[PDB]
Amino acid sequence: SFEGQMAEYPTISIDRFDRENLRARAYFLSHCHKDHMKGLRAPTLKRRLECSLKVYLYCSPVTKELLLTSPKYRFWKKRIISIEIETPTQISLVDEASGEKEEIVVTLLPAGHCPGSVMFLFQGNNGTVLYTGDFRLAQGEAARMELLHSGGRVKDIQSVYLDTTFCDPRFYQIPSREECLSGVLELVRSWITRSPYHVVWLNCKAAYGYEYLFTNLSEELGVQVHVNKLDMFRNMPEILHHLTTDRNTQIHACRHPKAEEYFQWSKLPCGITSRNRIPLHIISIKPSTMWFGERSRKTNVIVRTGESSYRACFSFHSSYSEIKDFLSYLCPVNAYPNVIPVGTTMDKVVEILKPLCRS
């Protein structure tokens, strides 16, 4: 897994804040997932901060909002500089100990992974590098990103630090964002139009990224989504007005440590079985990655798992096909995997990445 330092600009730390990253001249956070925040509130880094007053964390406006909602990250409050998307910004890296100054230009590109998720394009004295963080980009998407181009053609990119979550031909294709939403929208409509007592439980992991499912169910069916907490979205109206803490809705994305046991007893995670003494009829819809081999005999994005239970195709990460199209297109000198998944090896991932790089 990425240990925070790119060879080309070793004095900045991205998405890793422990060990050798405690010496960084500047910090970057691609997105507000725990996987990418290791060390970010170690006492020793809070200490580092108080002594080195010229060290800052850079991220999207949305990532800043989501990080500064959580009380354990409020010590960052005055040391976070948000940079607007698609806005090449010059950063002054200064070494406190030696007085050495380096100048670097950073561009935040949308990563399509969760609210505030960005890729970081770095331009300075040691070549152009792209850190993707976690990303999901449809085929052709890189070719339509203006700031990956100079004079109509792809920039000379020395190195790409790439999300390789599904970097194996096993995961050849994954249904698109729009097919996944279409399949969930239709199942939810088919259920909740039957009677006011027919309700959906969206069984989502406790992590940013499902907001656009809630947003699109809410818009299309005129029904707000029940959630445990929405205070992270208090300064984010485009999301917030699709959510509610009011349990009087037919669409729930609430959570509870015993939600599975609750479901067995026709109880929603927020604790209701009934409305006006009438029992609810609950179905569970569990977003779950589904994939299809090269032979394109794709199946339904909805899969029924029991009397009242469904899985729905959903992915936070690019398919093998999307990774190859993205890297193929950029044709960097070097590609480095941000992760080696449990079922593959560094050797097999590099054997996939090497042919898509220059020469």
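Between two forms, the rigid core is the largest collection of C-alphas that superpose within 1.5 Å. Start at 1 and count along the sequence shown; that's the residue number.
- Between 288-296 and 323-331, the larger mean CA deviation from the shown form in 5 other deposited structures of this protein, after core superposition, belongs to 288-296.
- When the other structures are laid on the shown form by the rigid core, the stretch among 26-34 and 65-73 with the greater C-alpha deviation in 5 other deposited structures of this protein turns out to be 65-73.
- Among other compared entries that model residues flanking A97, a third or more give it no coordinates.
- Taking only CA atoms, the mean B-factor in the PDB entry is higher for 69-77 than for the other of 69-77 and 178-186.
- For the two regions 237-245 and 121-129, the entry's Cα B-factors average higher over 237-245.
- Per the deposited record, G222 carries the highest C-alpha B-factor of all listed residues (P287, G222, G271, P257).
- Ranking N203, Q158, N216, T165 by Cα temperature factor from the entry places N216 first.
- The PDB entry assigns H281 a C-alpha temperature factor belonging to the lowest third of its chain's modelled residues.
- Annotation for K38: CA B-factor lies in the middle third of the chain's modelled residues.
- Residue-level temperature factors show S195 in the middle third of its chain, judged at the C-alpha atom.
- Among the modelled residues of its chain, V94 has a C-alpha B-factor that falls in the highest third, as given in the PDB entry.
- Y56: CA B factor in the highest third of modelled residues in this chain (values from the PDB entry).
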